[PDB]
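Engineer: This one's a deposited entry, sequence included:
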Amino acid sequence: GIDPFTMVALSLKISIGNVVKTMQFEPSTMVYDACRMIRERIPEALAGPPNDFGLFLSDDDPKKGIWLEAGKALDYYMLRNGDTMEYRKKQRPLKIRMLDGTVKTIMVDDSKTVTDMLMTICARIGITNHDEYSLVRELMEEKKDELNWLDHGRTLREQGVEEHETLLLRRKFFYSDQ
């Protein structure tokens, strides 16, 4: 209705891929309230299903960059009048090779850990026992130079991962078709 919007409405630049929109949000707002309104007035926000779109706070560095979860408010972080807040797909194109060597690209939310990722990936193929698999990221890492066997505990950005290298689904536990 006639909600009170005094000098307490953070001025945020929402970057949606190429386009940049200017939106103001309450100090609180909270991601879930933000995503409802931005989708409302900004038609460029919903290039697909709204549930697949979330708030990424773009700093500069991959580690400093974080996903804004619905379980926290905007101003709770460092956001204020002047921050750029990327409205992007929660998920990003992951290149995954399955057991037979079959590769697919599936969109998995980057705002969540690896186990939930694998659940999402194995579910695309039709695998129920996703817990018996580990993840291994073969990258172009100049630093690490690793297969990067995902422990299923660490978040992706904290590894310094990218969104373009091929990741392999590996059988971890010896269910052995038993």
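Structural biologist: In hand now; what should we look at? Residues are numbered from 1 along each chain as shown.
Engineer: ranges for the strands of this protein?
Structural biologist: 10-16, 19-25, 53-57, 66-68, 84-89, 91-97, 103-109, 133-137, 149-150, 166-171 (DSSP state E).
Engineer: what sits up against the fifth one?
Structural biologist: Surrounding strand 84-89, the residues in contact under the criterion Cβ atoms under 8 Å, 6 or more residues apart in numbering are 12-17, 20-21, 35, 38, 42, 45, 47-48, 52-58, 68, 74, 79, 107. For every residue, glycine as well, the C-beta is placed using N, CA and C.
Engineer: Can I get it as CSV, trimmed to CA atoms?
Structural biologist: Output of strand 84-89 as CSV, limited to C-alpha atoms (Å, rounded to 0.1, in the frame of the first residue of the first chain):
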residue,chain,number,x,y,z
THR,A,84,26.0,-2.9,-7.5
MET,A,85,23.9,-6.0,-7.0
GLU,A,86,23.8,-8.5,-9.8
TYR,A,87,20.5,-10.2,-10.4
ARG,A,88,21.5,-13.4,-12.1
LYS,A,89,20.5,-17.0,-12.4
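Engineer: Note down every partner strand of it and its orientation.
Structural biologist: strand 10-16 (parallel), strand 53-57 (antiparallel) (DSSP bridges).
Engineer: need the ones you listed in a markdown table with mean neighbour count, can you?
Structural biologist: Formatted as a markdown table, the strands paired with strand 84-89 follow (neighbours: other Cβ atoms under 10 Å):
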| stretch | mean neighbour count |
| --- | --- |
| strand 10-16 | 18 |
| strand 53-57 | 22 |
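Engineer: Residue 118: how many residues sit nearby?
Structural biologist: 23 (other Cβ atoms under 10 Å).
Engineer: And this protein, split by domain according to the record?
Structural biologist: 8-90, 91-173 (curated CATH domains).
Engineer: and residue 1, which of the ones you listed is closest to it?
Structural biologist: Among those, domain 8-90 comes nearest to residue 1, with 14.1 Å by Cβ to Cβ.
Engineer: can you give me how far the closest one is from the chain middle?
Structural biologist: Offset of domain 8-90 from its chain centre (Cα atoms, centre = their mean, to the nearest Å): 13 Å.
Engineer: what about it, start to end distance?
Structural biologist: 27 Å (Cα to Cα, to the nearest Å).
Engineer: picking that back up, out of the strands paired with strand 84-89, nearest to residue 163?
Structural biologist: strand 53-57 (12.2 Å).
Engineer: Next, the residues that contact that closest one from outside, please.
Structural biologist: By Cβ under 8 Å, 6+ apart, strand 53-57 touches 31, 34-35, 39, 45-47, 65-68, 77, 79, 83, 85-90, 109, 111.
Engineer: Now with 6 Å, please.
Structural biologist: 31, 66-68, 85-86, 88-90, 111 (Cβ atoms under 6 Å, 6 or more residues apart in numbering).
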